[PDB]
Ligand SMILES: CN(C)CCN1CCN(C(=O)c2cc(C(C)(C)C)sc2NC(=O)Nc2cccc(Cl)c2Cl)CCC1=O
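Here we start with a single chain on its own, the form solved without the ligand, put down as structure tokens.
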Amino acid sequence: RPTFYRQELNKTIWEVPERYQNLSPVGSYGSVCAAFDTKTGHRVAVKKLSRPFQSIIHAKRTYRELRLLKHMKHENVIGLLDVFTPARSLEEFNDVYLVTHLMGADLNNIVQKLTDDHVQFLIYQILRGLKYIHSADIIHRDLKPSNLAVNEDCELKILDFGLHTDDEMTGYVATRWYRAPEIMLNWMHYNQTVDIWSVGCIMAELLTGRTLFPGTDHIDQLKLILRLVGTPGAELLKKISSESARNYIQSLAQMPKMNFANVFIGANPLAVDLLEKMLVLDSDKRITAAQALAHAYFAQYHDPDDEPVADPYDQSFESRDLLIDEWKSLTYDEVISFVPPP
């Protein structure tokens, strides 16, 4: 066990191992400080979780986040550098701290002057990370430019996995502009195909400099979507589980899919083709991440011997019914068993 030291930073007590120095608040589910890690030489973000075990729902969320971060080991996905608690036993266990690489710019802070070569490299990396994530049957659910970190060499990492309230999704808000229509309107049980819709929205915005579907509310956004991709046919309508939602869709006048070369004027014809394969209303028919990596748009970067998949991931806890102290004890076991990366 390392030696810990205590300090108050912005009305919060932080108790951390001596290796972490020069803590500086940078953000406020928890508070975040930047620090220098003297063991690795990296600048890091240290997150102190807020009330991690306040309810069954909160305690399960804490366990879910730690399990996910401990599993992710890929160049294009955020990984866990350290996790610690100052408690010396389960009996006194109350606080959880998570340590990651400190990220600078996100994709918004780049969306600069982008060549087609830049768009190829950025979207390639998102898809490489998503192939890995999806191979473990994980769905990110919240892909958008602010959840993508990018450095000076155009290297990218996915962060902030979906672990959002009704209020946060209301109105003219970027928190909804990248969501697939079937999850935005609760059409049906969703799966990993929702993330590919989000990639299509991000790629379009890199090519044009503008948000693809900046709706002022849920219904305005649906109308923007259906104008581009067309109204649904009977085949997709049968897959929408709510009679009310089916009824609403049928109230709209029918529209054909638009010509994407006349929307994305001047774009690489291979980029236009890939967008048509991502932005498909019926999620059963969207291209997958593994299939998209082999698309000719990425010919300069695709290497099928360097696009790895994940170790198997056990999510059986998600259907388990436990008490607060049982989720807390499971979380404690995961804290003390952590083994740092090389």
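For every residue, the number given is its place in the sequence shown, counted from 1. Heads up, when I say rigid core I mean the largest set of C-alphas that superpose within 1.5 Å between the two forms.
Quick test of your reading: does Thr165 have no coordinates in a third or more of the other entries compared? In at least a third of the comparable entries (those modelling both sides of it), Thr165 has no coordinates.
Answer with none, 1 to 3, 4 to 9, or 10 or more: how many deposited residues between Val111 and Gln112 are not present in the coordinates. Gap between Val111 and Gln112: 1 to 3 residues without coordinates.
Residues with no coordinates between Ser316 and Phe317, taken from the deposited sequence as a class: Unmodelled stretch: none, continuous chain.
Tell me which stretch, 151-159 or 210-218, has the higher mean Cα B-factor listed in the entry. It is 151-159 that shows the higher mean C-alpha B-factor.
Would you tell me which stretch averages the higher CA B-factor in the PDB entry, 44-52 or 285-293? Higher mean C-alpha B-factor in the PDB entry: 44-52.
Among the candidates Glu205, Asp142, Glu168, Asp82, give the one with the maximum CA B-factor reported in the record. The record points to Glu168.
When the CA B-factors of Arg179, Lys131, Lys257, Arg246 are compared as recorded in the entry, which is the largest? That would be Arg246, according to the entry.
What third of its chain, lowest, middle or highest, does the C-alpha temperature factor of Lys277 fall into? It falls in the bottom third of the chain.
Ordered by C-alpha B-factor within the chain, which third holds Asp195? Give me lowest, middle or highest, please. Bottom third by C-alpha B-factor.
Relative C-alpha B-factor of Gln250, binned into the chain's lowest, middle or highest third: For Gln250, whose C-alpha B-factor we compare with every modelled residue in the chain, the answer is the highest third.
Mind checking which third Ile57 falls in for C-alpha B-factor across the chain? According to the entry, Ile57 has a C-alpha B-factor in the chain's highest third.
Going by the recorded CA B-factors, say which third of the chain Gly266 sits in, lowest, middle or highest. Within its chain, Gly266 is a middle-third residue by C-alpha B-factor, going by the deposited values.
The form solved in complex with the ligand is left out here; the points below concern that form.
Open or blocked? Place the ligand on this chain by superposing the surrounding C-alphas onto its site in the deposited complex, and call it blocked when 3 or more ligand atoms come within 2.4 Å of backbone or C-beta atoms. Pocket blocked on this form.
Is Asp217 one of the residues lying within 4.5 Å of the ligand in the deposited complex, judged by heavy atom distances? Looking in the deposited complex, residue contacts with the ligand do not include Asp217, since no heavy atom lies within 4.5 Å.
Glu65 versus the ligand, in the deposited complex: is there a non-hydrogen atom within 4.5 Å? Because a heavy atom of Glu65 falls inside 4.5 Å of the ligand in the deposited complex, the answer is yes.
Answer for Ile133 alone: is it within 4.5 Å of the ligand in the deposited complex, judged on heavy atom distances? Judged by the heavy-atom cut-off of 4.5 Å, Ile133 is in contact with the ligand in the deposited complex.
With heavy atoms only and a cut-off of 4.5 Å, decide whether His295 touches the ligand in the deposited complex. Answer no; every heavy atom of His295 is more than 4.5 Å from the ligand in the deposited complex.
Sequence-ordered residues of 114-139 touching the ligand in the deposited complex, heavy atom within 4.5 Å: Residues within 4.5 Å: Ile133, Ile138, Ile139.
Given a cut-off of 2 Å on Cα movement between the shown form and the other one, rigid core as reference, pick the single residue from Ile240, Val272, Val119, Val83 that exceeds or meets it. The answer here is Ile240.
CA of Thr12, rigid core aligned, shift of 2 Å or more between the shown form and the other one: Yes; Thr12 is a residue whose C-alpha shifts (by 2 Å or more) between the shown form and the other one when the cores are overlaid.
Flag for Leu322, CA shift 2 Å or larger between the shown form and the other one after aligning core: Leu322 C-alpha, core-superposed: shift of less than 2 Å.
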